[PDB]
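Asks: Partial complex here, more coming in a sec:
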Amino acid sequence: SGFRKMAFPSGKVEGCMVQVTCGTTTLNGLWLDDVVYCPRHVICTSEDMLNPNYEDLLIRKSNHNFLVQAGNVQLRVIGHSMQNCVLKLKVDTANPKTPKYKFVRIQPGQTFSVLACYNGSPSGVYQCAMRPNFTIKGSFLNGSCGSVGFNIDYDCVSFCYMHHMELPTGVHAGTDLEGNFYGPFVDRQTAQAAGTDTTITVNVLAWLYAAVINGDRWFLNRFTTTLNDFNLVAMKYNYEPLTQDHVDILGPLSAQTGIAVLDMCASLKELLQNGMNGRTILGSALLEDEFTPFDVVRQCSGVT
């Protein structure tokens, strides 16, 4: 019993973190096989960040200008290339701690663990969601760039995020491991406003199922609804529309609890309309949306 914002164990990723320095910029790199992946803005001064031409800045850089340190041992850089917004530094040594891995590009609403790093050294691990506006609400200071987001399926690390940018609003933007930004963001210090941070409806419903499983049941009401009726209310409250695909994904939690998805929708509808009235659900005074249906099943079933 109990339900926590739980991150993946970070060890497999800790084994991959390195320091990358180019001139006076130091950030983090991900070392997988004989390639170190890092944000291309490693090559920028803060002056350059205002209007960088990455291809032109990169011409002035040689392999030996990229200083890669793993622990307190230097890696030899034998090649470098730019792929979208990441650099790939080819080193002469395969990371002996390379886990089984994949690069995945996640969808908004999907959750992942972040290993916050500074100078190639892990400081902390926390759980995030790709927001519907393609920001993430992280905890990142100067030097945190190249920190990565990931999921683990048994022994396979799926890397889904690399940290590049903080927006003036103090929310975060970054890339998949192919260097493609999530959403419309760019690695330039310019006006970049985020769109509406809508609530991830399917995740709230999952978390209400988590609450029922863990004994928090006060919000279960006598009502049901339809997807169309629920969605009129979702729209009004800046919740994402619920699809039949979301209903299908919640099936296992519906089955485990015996509460029909549309009945839980009607409970959520009343919570939106009435509020919590000073009550809590799983120790929260607001409706939590950074647990996926898969997260709730995993945590409630104890997958390793």
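Replies: Cool, got the structure. Numbering: from 1, shown residues only, chains lettered A, B, ... in the order given.
Asks: From residue A:226, how far off is residue A:166?
Replies: The gap separating residue A:166 from residue A:226 is 41 Å, by Cβ to Cβ, to the nearest Å. Any C-beta I mention is one placed from the backbone N, CA and C, and that applies to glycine too.
Asks: Likewise for residue A:292?
Replies: 24 Å.
Asks: How about residue A:125?
Replies: On the measure of Cβ to Cβ, residue A:125 and residue A:226 end up 40 Å apart.
Asks: which of these two has more neighbours?
Replies: Taking other Cβ atoms under 10 Å, residue A:125 and residue A:226 do not tie; residue A:125 has more neighbours (18 against 11).
Asks: which ones are touching the more buried one?
Replies: By Cβ atoms under 8 Å, 6 or more residues apart in numbering, the residues touching residue A:125 are A:7-8, A:10, A:113-116.
Asks: Please report how far it lies from residue A:147.
Replies: 10 Å.
Asks: what is in contact with those two at once?
Replies: Counting by Cβ under 8 Å, 6+ apart, the residues touching both residue A:125 and residue A:147 are A:114-116.
Asks: just curious, which of the residues you listed is nearest to residue A:88?
Replies: Ranked by distance to residue A:88 (Cβ to Cβ), those are led by residue A:115 at 19.8 Å.
Asks: and the closest one, how many neighbours?
Replies: By other Cβ under 10 Å, neighbour count at residue A:115 equals 25.
Asks: Any chance you could list what contacts the helix or strand hosting it?
Replies: Per DSSP states H and E: residue A:115 is located in strand A:111-118. With Cβ under 8 Å, 6+ apart as the test, strand A:111-118 has contacts from A:7-8, A:10, A:13-14, A:17, A:28, A:106, A:122-130, A:136, A:138-141, A:143-144, A:146-152, A:160-161, A:163, A:203, A:290-292, A:295.
Asks: can you do 6 Å?
Replies: A:7-8, A:10, A:13, A:17, A:28, A:122-129, A:138, A:143-144, A:147, A:149-151, A:160, A:290, A:292, A:295 (Cβ atoms under 6 Å, 6 or more residues apart in numbering).
Asks: buried set for it?
Replies: A:111-118 (16 or more other Cβ atoms under 10 Å).
Asks: so what's residue A:12 up against?
Replies: Here residue A:12 is in contact with A:99, A:157 (Cβ under 6 Å, 6+ apart).
Asks: Looking at the shared contacts of residue A:125 and residue A:147, which is nearest residue A:75?
Replies: Comparing the shared contacts of residue A:125 and residue A:147 against residue A:75 with Cβ to Cβ places residue A:115 closest, at 19.3 Å.
Asks: Tell me what the closest one is bridged to.
Replies: Beta-bridge pairing for residue A:115 (DSSP bridges): residue A:125, residue A:148.
Asks: Drop chain B onto that structure:
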Amino acid sequence: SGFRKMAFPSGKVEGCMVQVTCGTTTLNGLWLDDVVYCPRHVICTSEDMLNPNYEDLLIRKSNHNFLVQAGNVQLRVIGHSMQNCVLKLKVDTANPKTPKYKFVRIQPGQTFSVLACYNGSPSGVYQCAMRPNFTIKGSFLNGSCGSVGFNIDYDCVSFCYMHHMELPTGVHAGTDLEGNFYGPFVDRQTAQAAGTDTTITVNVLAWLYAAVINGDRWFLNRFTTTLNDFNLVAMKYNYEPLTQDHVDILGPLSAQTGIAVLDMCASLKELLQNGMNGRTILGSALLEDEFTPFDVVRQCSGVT
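Replies: Chain B goes in next, on the same frame as the chains above:
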């Protein structure tokens, strides 16, 4: 910017987790040097848990009855002893991944990371606090016993908790690594009710400092208070009394923000009396008390 419930990177602890089986009971062990530490209730059937005599049950157990598996390799048990509520299984092999470590007994209000494990395999990491009633609000299923709580100071893991028990209220109880329960709890399936779960006042104040640092300032008011006046209000709201020792501990955050501790107390007093009025602080609708002043400084300064 941003402020997250952040756990220590778990890798150093993942390297220590093993499976312990005695008869039909399987739980987790901590392997440090040539000793495996596990809950003594590994020797109990669920029938035994109703009224166990551990010394008498232990007489019927030999070294070879304790099956210790690290990955998919068996460790040879060459000795066993009971220390308070833990067993110490001496094995013939020092854990080659033993980090620098200490055993510490933490005080209520202190926070730590939990590596939730099943069958010696890590499932997740999350942040906890030793509650003022000496419970913790964890996420633990059958098989999670022997999962450990820890802090890390650079490269030294301080182990402070081992998971033993879920109370009928679905809150958690366990020991330090000397096998001494936190609070009055026992490793027996009996009536054990928790006392008042008071709010860790110094931790709330730390988290309000975190909020100011991270741009959330709407709750800063024009008032101050005294420790005695604040404490009259704390008492009424089931907050722990604030001491001058707590004020001293908040000094660095006071200094960084220029907000006197007693001014932040007066802001907290108004929040208690007025509520949040549907507003949030660092994405929470309630006052968070599982960040210590040290946690806020660490996360806000990026210690590795």
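Asks: same question on the neighbour count of residue A:115, but with chain B included?
Replies: Neighbours of residue A:115 under the rule other Cβ atoms under 10 Å in any protein chain shown: 28.
Asks: Ok, residue A:110 next?
Replies: 21.
Asks: need the contact list for it.
Replies: By Cβ atoms under 6 Å, 6 or more residues apart in numbering or on different chains, the residues touching residue A:110 are residue A:130.
Asks: Unless I misread the structure, residue A:98 falls within a strand.
Replies: No - read with DSSP: H, G, I helix; E, B strand; the rest coil, residue A:98 is coil and lies in no strand.
Asks: Which residue lies nearest to the closest residue to chain B within the stretch 1-150 of chain A in three dimensions, sequence-adjacent residues excluded?
Replies: Nearest residue of the stretch 1-150 of chain A to chain B: residue A:11, at 3.0 Å (Cβ to the nearest Cβ). Using Cβ to Cβ, 6 or more residues apart in numbering or on different chains and skipping residues adjacent in sequence, the residue nearest residue A:11 is residue B:11, 3.0 Å away.
Asks: pretty sure the one you found is in contact with residue A:14, am I right?
Replies: Yes - applying Cβ atoms under 6 Å, one finds residue B:11 in contact with residue A:14, separated by 4.1 Å.
Asks: between the two, who's got more neighbours?
Replies: Neighbour count, other Cβ under 10 Å: between residue B:11 and residue A:14, residue B:11 has more, with 24 against 19.
Asks: ok, now which ones touch the more buried one?
Replies: A:10-11, A:14.
Asks: Quick one: these as JSON lines, columns for secondary structure and distance to residue B:303 too.
Replies: Below are these laid out as JSON lines (DSSP: H, G, I helix; E, B strand; the rest coil; distance: Cβ to Cβ, whole Å):
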{"residue": "A:10", "secondary structure": "coil", "distance to residue B:303": "16"}
{"residue": "A:11", "secondary structure": "helix", "distance to residue B:303": "19"}
{"residue": "A:14", "secondary structure": "helix", "distance to residue B:303": "15"}
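Asks: Adding distance to residue A:101, write the residues you listed out as a markdown table.
Replies: Converted to a markdown table, the contacts of residue B:11 look like this (distance: Cβ to Cβ, whole Å):
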| residue | distance to residue A:101 |
| --- | --- |
| A:10 | 14 |
| A:11 | 14 |
| A:14 | 14 |
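Asks: residues in contact with residue A:68?
Replies: Counting by Cβ under 6 Å, 6+ apart, residue A:68 has contacts A:18, A:20, A:36, A:75, A:77.
Asks: For the first one, grab phi and psi.
Replies: For residue A:18, the backbone dihedrals (degrees, to the nearest 10) come out as phi -130, psi 170.
Asks: Run through the bridge partners of it.
Replies: Bridge pairing for residue A:18 - DSSP bridges - gives residue A:29.
Asks: count of residues packed around it?
Replies: Neighbours around residue A:18, by other Cβ under 10 Å: 25.
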